[PDB]
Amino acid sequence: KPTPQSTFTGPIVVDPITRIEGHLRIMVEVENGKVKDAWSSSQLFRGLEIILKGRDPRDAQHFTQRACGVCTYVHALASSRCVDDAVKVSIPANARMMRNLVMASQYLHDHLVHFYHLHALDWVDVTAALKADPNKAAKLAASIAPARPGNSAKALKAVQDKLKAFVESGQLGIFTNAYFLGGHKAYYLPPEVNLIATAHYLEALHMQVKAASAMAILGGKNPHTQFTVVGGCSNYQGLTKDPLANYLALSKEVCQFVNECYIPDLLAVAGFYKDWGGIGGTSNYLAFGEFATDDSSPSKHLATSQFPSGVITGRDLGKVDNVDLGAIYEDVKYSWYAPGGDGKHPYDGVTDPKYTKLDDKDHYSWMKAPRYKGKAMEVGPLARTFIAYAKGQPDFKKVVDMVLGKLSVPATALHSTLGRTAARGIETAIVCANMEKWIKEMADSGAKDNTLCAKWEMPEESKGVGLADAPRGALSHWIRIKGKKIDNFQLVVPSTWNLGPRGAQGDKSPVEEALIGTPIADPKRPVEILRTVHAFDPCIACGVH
């Protein structure tokens, strides 16, 4: 079968977009069953930048962490890097190490939850799992994926038996009115694969708890860590043998699951939806990098990140450029903000809310439109993967090439919604492969000397920027200190890059562009729009803050 597509011509609005963080409304115009125009409309304003004004810079991380609880930690980290830079302190090796390991744990937790609990329902028909022969599913699993007791006939029959009773109860709960109820042309997977994916979905629910406990060993609690301070981290207990042994044990359990279930479920899915390798690509990619060996400054971060930083324009993997922080700015022309705010570098950022009305094409989102020398930039796992691949990062080269070989597709096919999805799995696998080495390095270092926070002084006037590559991509916090207080604080967040509205030249954002050409098999149940939007792993609380 070829890609299902209807003949529909007219508008489609999806509000709410579920299975993301935050409040998003997507409006598309469709012609002959293909999306021809798109709008990404963010539906909540909170205004953390306004609230931060005049406060103590030390307090920033605590407020900004609450920009988001799905990417918990990452804003605390960025705020801490931002202030560290404004007061010109270099954190100790142990803090770099601990902070980065906390980022690794967050990627593991976050990506795992995204694939199963946010994204999979667009690809897996849960009710179809009830048509499966469990013995046949077992044999199917046991023939393509790593041997495990969770995939045995008994395990699968027990899952199908739970699902059956739930379904026969008449209370479908979170599956109520699902797009796959009664069958859907856009859903390709055989029932045996649905049963397996479903068994794993339930397993992932328990495993994400363990991924969260590991993070909490260092971060203090999860959600919302409480171990970072200006100049480093407070968690001396995090440097000690026993905690670090348990962190390793837990992380090995999580990683077993990534390799036994996530990547295999991911490759199986990509195998069936090979056509999604030609839908939803964009052209420009940006990353600030993460997992740096030298975090003494933003320059050093950009230069020493083990997941490297860079900028790709027009799908040209032969020309990865350096990131120019002076080239970032944000537009608000199509956003619900006061006139005059276009083209602002974040150090000069302005946040002046001004709402008009629902679906006003002139002003249709609470997100700003971040641009890079006039261009929209996609950020996130796919951006990191292309930059790392372009530069020959050894781990990425090996895993990406592994994935291309299993799928029998060329690397250009990764410029797509399927690429975007597969990229997320690729970096998870890489993070997994590095945990033990990273844990050993901090354990050894900590034992020799447990300095974890450095001395510093609050300056009267100054400015600083904190860079990170969060799970959704390039994150930056930007502070102006004046009179020793916060004079300006601006967040420019990965989902702001990906899902913002049009910029001042009326140029679509990455999500809007990616939506063009989307085929719609059934306008009443437009799961194809969700596939693409969800692949960008949207976070509107992060986006708008």
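Residues carry their position along the shown sequence, with the first being 1.
Once the C-alpha B-factors are averaged per stretch, 392-400 and 362-370 rank with 392-400 first.
Stretch comparison (177-185 versus 160-168) by mean CA B-factor in the PDB entry places 160-168 on top. Note on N235, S296, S213, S251: the highest value goes to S296, judged by CA B factor as recorded.
Take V124, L77, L452, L101 and read off each C-alpha B-factor from the entry; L452 has the highest. Looking at the C-alpha B-factors along this chain, the one for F489 belongs to the highest third.
Ranked by C-alpha B-factor against the other modelled residues of its chain, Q65 falls in the middle third.
Annotation for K53: CA B-factor lies in the middle third of the chain's modelled residues. Sort the modelled residues of the chain by CA B factor and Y73 lands in the middle third. Ranked against the other modelled residues of its chain, the C-alpha B-factor of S41 as given in the entry falls in the lowest third.
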